[PDB]
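Novice: Please find one structure pasted underneath; my questions will follow.
Residue numbers (the entry's author numbering): 1 to 207.
Dropping the structure here:
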(Lines of atoms letter the chains of each structure in order from A; the text may use other names.)
(Lines give C-alpha, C1' and ligand atoms only; values in the text may rest on other atoms or scores of the structure.)
Protein backbone atom coordinates (compact mmCIF):
# COMPACT_ATOMS: atom_id res chain seq x y z
CA UNK A 1 0.00 0.00 0.00
CA UNK A 2 1.21 3.50 -0.84
CA UNK A 3 0.95 6.37 1.62
CA UNK A 4 1.70 9.79 0.15
CA UNK A 5 3.01 11.98 2.90
CA UNK A 6 2.58 15.67 2.14
CA UNK A 7 3.90 18.61 4.15
CA UNK A 8 1.54 21.63 3.72
CA UNK A 9 3.00 23.27 6.88
CA UNK A 10 4.99 26.48 6.44
CA UNK A 11 7.87 24.85 8.34
CA UNK A 12 9.99 21.78 7.64
CA UNK A 13 8.96 18.51 9.30
CA UNK A 14 10.74 15.16 9.33
CA UNK A 15 8.12 12.50 8.55
CA UNK A 16 8.42 9.20 10.40
CA UNK A 17 6.80 5.84 9.84
CA UNK A 18 7.18 2.70 12.05
CA UNK A 19 5.27 -0.28 13.38
CA UNK A 20 7.11 -0.06 16.67
CA UNK A 21 9.64 -2.82 16.18
CA UNK A 22 10.68 -1.83 12.62
CA UNK A 23 10.70 1.00 10.13
CA UNK A 24 8.06 1.15 7.48
CA UNK A 25 9.87 1.85 4.17
CA UNK A 26 12.88 4.04 4.91
CA UNK A 27 11.23 5.00 8.21
CA UNK A 28 11.93 8.73 8.05
CA UNK A 29 12.75 11.67 5.71
CA UNK A 30 12.86 15.44 5.73
CA UNK A 31 9.90 17.13 4.13
CA UNK A 32 10.33 20.83 3.39
CA UNK A 33 7.19 23.03 3.15
CA UNK A 34 5.31 21.67 0.18
CA UNK A 35 7.16 18.41 -0.35
CA UNK A 36 5.56 15.01 -0.83
CA UNK A 37 7.19 11.69 0.01
CA UNK A 38 5.45 8.45 -1.06
CA UNK A 39 6.16 5.34 0.96
CA UNK A 40 5.27 1.72 0.46
CA UNK A 41 3.93 -0.14 3.45
CA UNK A 42 3.78 -3.98 3.34
CA UNK A 43 0.18 -5.45 3.24
CA UNK A 44 -0.86 -6.90 6.60
CA UNK A 45 1.05 -4.24 8.53
CA UNK A 46 -0.50 -4.18 11.94
CA UNK A 47 -0.15 -1.25 14.30
CA UNK A 48 1.59 1.13 11.85
CA UNK A 49 2.07 4.78 12.69
CA UNK A 50 3.10 7.84 10.79
CA UNK A 51 3.89 11.13 12.44
CA UNK A 52 5.69 14.42 12.00
CA UNK A 53 8.77 15.51 13.90
CA UNK A 54 9.77 19.17 14.39
CA UNK A 55 13.05 21.09 14.89
CA UNK A 56 15.41 18.23 14.13
CA UNK A 57 19.15 18.24 13.51
CA UNK A 58 20.81 15.22 11.90
CA UNK A 59 24.44 14.74 11.09
CA UNK A 60 25.76 13.03 7.96
CA UNK A 61 25.15 9.47 9.35
CA UNK A 62 21.49 10.37 10.15
CA UNK A 63 21.89 10.72 13.94
CA UNK A 64 20.65 13.70 15.86
CA UNK A 65 17.62 14.91 17.69
CA UNK A 66 14.09 16.26 17.25
CA UNK A 67 12.12 18.50 19.66
CA UNK A 68 8.96 16.45 19.09
CA UNK A 69 8.60 12.88 17.90
CA UNK A 70 12.24 11.89 18.23
CA UNK A 71 12.60 8.16 17.63
CA UNK A 72 15.91 7.44 19.47
CA UNK A 73 17.79 10.18 17.53
CA UNK A 74 17.56 8.50 14.09
CA UNK A 75 16.48 10.20 10.78
CA UNK A 76 15.24 6.83 9.70
CA UNK A 77 12.88 5.73 12.49
CA UNK A 78 12.70 2.08 13.60
CA UNK A 79 10.60 2.72 16.76
CA UNK A 80 7.83 5.10 17.82
CA UNK A 81 8.61 8.75 18.55
CA UNK A 82 8.84 10.73 21.74
CA UNK A 83 5.58 12.54 22.67
CA UNK A 84 4.08 14.89 21.89
CA UNK A 85 3.13 13.41 18.49
CA UNK A 86 -0.15 13.59 16.61
CA UNK A 87 -0.51 10.04 15.24
CA UNK A 88 -1.80 8.57 11.98
CA UNK A 89 -2.51 4.89 12.93
CA UNK A 90 -3.40 1.96 10.71
CA UNK A 91 -3.69 -1.74 10.46
CA UNK A 92 -3.89 -3.04 6.90
CA UNK A 93 -5.55 -6.29 5.58
CA UNK A 94 -7.00 -7.38 8.88
CA UNK A 95 -9.46 -10.05 7.85
CA UNK A 96 -10.16 -8.33 4.55
CA UNK A 97 -10.22 -4.66 5.71
CA UNK A 98 -8.05 -1.68 6.61
CA UNK A 99 -8.43 0.31 9.81
CA UNK A 100 -7.32 3.92 10.16
CA UNK A 101 -7.58 6.64 12.85
CA UNK A 102 -5.80 9.70 14.23
CA UNK A 103 -4.88 9.68 17.90
CA UNK A 104 -4.05 12.34 20.45
CA UNK A 105 -3.30 9.75 23.21
CA UNK A 106 0.42 10.57 22.90
CA UNK A 107 -0.24 14.37 22.62
CA UNK A 108 -0.33 16.70 19.63
CA UNK A 109 2.48 18.44 17.78
CA UNK A 110 1.35 19.04 14.17
CA UNK A 111 -2.10 19.17 12.62
CA UNK A 112 -2.93 16.24 10.37
CA UNK A 113 -5.36 14.84 7.79
CA UNK A 114 -5.35 11.05 7.18
CA UNK A 115 -7.42 10.17 4.05
CA UNK A 116 -7.73 7.27 1.58
CA UNK A 117 -6.78 8.05 -2.01
CA UNK A 118 -8.89 5.13 -3.17
CA UNK A 119 -12.67 4.48 -2.92
CA UNK A 120 -15.02 3.30 -0.22
CA UNK A 121 -14.39 5.12 3.05
CA UNK A 122 -13.80 8.57 4.44
CA UNK A 123 -10.80 10.28 5.98
CA UNK A 124 -10.20 11.67 9.45
CA UNK A 125 -8.68 14.99 10.51
CA UNK A 126 -7.26 16.71 13.54
CA UNK A 127 -6.43 20.21 12.27
CA UNK A 128 -7.50 22.44 15.18
CA UNK A 129 -4.91 24.70 16.86
CA UNK A 130 -4.28 22.40 19.80
CA UNK A 131 -0.77 23.71 20.45
CA UNK A 132 -1.98 27.35 20.79
CA UNK A 133 -4.97 26.39 22.99
CA UNK A 134 -3.09 23.71 24.99
CA UNK A 135 -3.86 23.78 28.74
CA UNK A 136 -0.97 25.29 30.78
CA UNK A 137 0.07 22.05 32.49
CA UNK A 138 0.16 20.17 29.21
CA UNK A 139 2.35 22.55 27.26
CA UNK A 140 5.62 20.84 26.35
CA UNK A 141 8.52 23.23 26.88
CA UNK A 142 10.16 21.47 23.92
CA UNK A 143 7.16 22.36 21.63
CA UNK A 144 3.64 20.92 21.26
CA UNK A 145 0.92 19.69 23.67
CA UNK A 146 1.46 16.58 25.92
CA UNK A 147 -1.22 14.06 26.74
CA UNK A 148 -1.85 13.75 30.47
CA UNK A 149 -0.36 10.24 30.83
CA UNK A 150 2.99 11.63 29.65
CA UNK A 151 2.75 14.51 32.10
CA UNK A 152 1.34 12.86 35.22
CA UNK A 153 1.99 9.14 34.88
CA UNK A 154 -1.21 8.00 36.74
CA UNK A 155 -3.33 4.85 36.19
CA UNK A 156 -6.31 7.04 35.32
CA UNK A 157 -4.58 8.99 32.51
CA UNK A 158 -2.55 5.99 31.21
CA UNK A 159 -5.46 3.53 31.57
CA UNK A 160 -3.08 1.03 33.01
CA UNK A 161 -5.73 -1.16 34.70
CA UNK A 162 -7.92 -1.01 31.60
CA UNK A 163 -10.63 0.88 33.51
CA UNK A 164 -10.16 4.66 33.03
CA UNK A 165 -12.75 7.27 32.01
CA UNK A 166 -12.51 10.61 30.33
CA UNK A 167 -10.76 13.44 32.11
CA UNK A 168 -10.57 17.23 32.03
CA UNK A 169 -7.40 16.81 29.92
CA UNK A 170 -8.77 14.17 27.54
CA UNK A 171 -11.85 16.41 27.11
CA UNK A 172 -9.70 19.23 25.81
CA UNK A 173 -8.29 17.06 23.00
CA UNK A 174 -11.82 15.69 22.21
CA UNK A 175 -13.37 19.21 22.09
CA UNK A 176 -10.64 20.57 19.79
CA UNK A 177 -10.62 17.32 17.70
CA UNK A 178 -13.75 15.18 18.05
CA UNK A 179 -12.57 12.79 15.32
CA UNK A 180 -9.31 11.71 17.01
CA UNK A 181 -8.77 9.44 20.04
CA UNK A 182 -8.40 11.57 23.17
CA UNK A 183 -7.73 8.77 25.74
CA UNK A 184 -7.22 4.98 25.61
CA UNK A 185 -10.89 4.07 26.12
CA UNK A 186 -12.41 6.84 24.06
CA UNK A 187 -15.38 5.88 21.94
CA UNK A 188 -13.62 4.66 18.76
CA UNK A 189 -13.22 7.02 15.79
CA UNK A 190 -11.59 4.29 13.75
CA UNK A 191 -12.65 4.17 10.05
CA UNK A 192 -13.04 0.82 8.23
CA UNK A 193 -11.69 0.95 4.65
CA UNK A 194 -11.43 -1.75 1.92
CA UNK A 195 -8.41 -4.08 2.34
CA UNK A 196 -5.40 -2.77 0.40
CA UNK A 197 -6.57 0.87 0.19
CA UNK A 198 -3.97 3.62 -0.48
CA UNK A 199 -3.65 6.79 1.60
CA UNK A 200 -2.42 10.33 1.97
CA UNK A 201 -1.18 11.86 5.19
CA UNK A 202 -1.17 15.64 5.02
CA UNK A 203 0.50 17.78 7.66
CA UNK A 204 -1.20 21.19 8.22
CA UNK A 205 -4.11 20.34 5.78
CA UNK A 206 -5.81 23.72 6.39
CA UNK A 207 -4.68 27.44 6.43
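We put the CB at the ideal spot given by N, CA and C, even for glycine.
Quick one: residues in its chain with C-beta nearer than 7 Å to the C-beta of residue 13, no 5 flanking neighbours on either side, listed in chain order?
Specialist: Counting from 1 along the chain shown, the entry for residue 13 is found at position 13. Contacts found: 7, 31, 52, 53, 54, 110 and 203.
Novice: By the 10 Å Cβ neighbour count, where 16 or more other Cβ atoms means buried, how is residue 89 classified, buried or exposed?
Specialist: Along the chain shown, read from residue 1 onward, the residue named residue 89 stands at position 89. The residue is buried, with at least 16 neighbouring Cβ atoms inside 10 Å.
Novice: Round the Cβ separation of residue 93 and residue 173 to the nearest angstrom and send it over; I've been treating them as touching at under 8 Å.
Specialist: The sequence position of residue 93 within the chain shown is 93, counting from 1. The sequence position of residue 173 within the chain shown is 173, counting from 1. About 29 Å; that fails the 8 Å criterion.
Novice: Apply the 10 Å Cβ neighbour rule to residue 165 and answer buried if 16 or more other Cβ atoms are within range, or exposed otherwise.
Specialist: As a working note, residue 165 is residue 165 in the chain shown. Exposed, by the Cβ-count rule.
Novice: Residue 170: which of 96, 134, 11 and 127 sits nearest, CA to CA?
Specialist: Indexing the chain shown from 1 puts residue 170 at position 170. The option with the nearest alpha carbon to residue 170 is 134.
Novice: Exposed or buried, which one is residue 57 when buried takes at least 16 other CB atoms within 10 Å?
Specialist: Residue 57 sits at position 57 when you count from the first residue of the chain shown. With fewer than 16 other Cβ atoms within 10 Å, it is exposed.
Novice: According to DSSP, is residue 39 helix, strand or coil?
Specialist: Here residue 39 corresponds to residue number 39 of the chain shown, with the count starting at 1. The answer is strand: DSSP assigns residue 39 an E or B state.
Novice: Tell me the rounded alpha-carbon separation between residue 19 and residue 3.
Specialist: Counting from one through the chain shown, the residue named residue 19 turns up at place 19. Counting from one through the chain shown, the residue named residue 3 turns up at place 3. Cα-Cα distance, rounded: 14 Å.
Novice: Looking at residue 71 and residue 79, is the spacing between their C-beta atoms short of 8 Å?
Specialist: Your numbering for residue 79 matches position 79 in the chain shown. Your numbering for residue 71 matches position 71 in the chain shown. In contact: residue 79 and residue 71 (Cβ atoms closer than 8 Å).
Novice: Please confirm whether residue 101 and residue 192 have their CB atoms less than 8 Å apart.
Specialist: For this step, residue 101 is matched to residue 101 along the chain shown. For this step, residue 192 is matched to residue 192 along the chain shown. No. Outside cutoff.
Novice: I'd like the span of the beta strand (DSSP E) that includes residue 52, first residue to last.
Specialist: Position 52 of the chain shown, counted from the start, is the residue given in the question as residue 52. Start and end: 48-58.
Novice: Taking buried to mean at least 16 other C-beta atoms within 10 Å of its own C-beta, is residue 46 buried or exposed?
Specialist: For the purposes of this step, residue 46 is identified with residue 46 of the chain shown, where counting begins at 1. Its Cβ having fewer than 16 others within 10 Å, residue 46 is exposed.
Novice: To the nearest angstrom, how far is the alpha carbon of residue 9 from that of residue 97?
Specialist: Sequence index remark: in the chain shown, residue 9 carries index 9 (1-based). Sequence index remark: in the chain shown, residue 97 carries index 97 (1-based). Roughly 31 Å between the two C-alpha positions.
Novice: Do residue 131 and residue 144 come within 8 Å of each other at the CB atom, strictly closer than that value?
Specialist: Working through the chain shown from its first residue, we reach residue 144 at position 144. Working through the chain shown from its first residue, we reach residue 131 at position 131. Yes, the Cβ-Cβ distance between residue 144 and residue 131 is below 8 Å.
Novice: So, is residue 187 buried or exposed, given that buried needs 16 or more other C-beta atoms within 10 angstroms?
Specialist: Residue mapping note: residue 187 aligns to position 187 of the chain shown, counting from 1. Classification of residue 187: exposed, given that the 10 Å Cβ count is below 16.
Novice: Kindly indicate which residue of 125, 198, 161 and 149 has the alpha-carbon position closest to the one of residue 179.
Specialist: Working through the chain shown from its first residue, we reach residue 179 at position 179. Comparing Cα positions, the closest option is 125.
Novice: Between the Cα of residue 82 and those of 41, 177 and 142, spot the shortest distance and give me the residue it belongs to.
Specialist: For this step, residue 82 is matched to residue 82 along the chain shown. That would be 142, whose Cα lies nearest to the Cα of residue 82.
Novice: Can you grab the Cα-Cα spacing for the pair residue 152 / residue 15, in whole Å?
Specialist: Indexing the chain shown from 1 puts residue 152 at position 152. Indexing the chain shown from 1 puts residue 15 at position 15. Distance between the alpha carbons of residue 152 and residue 15: 28 Å.
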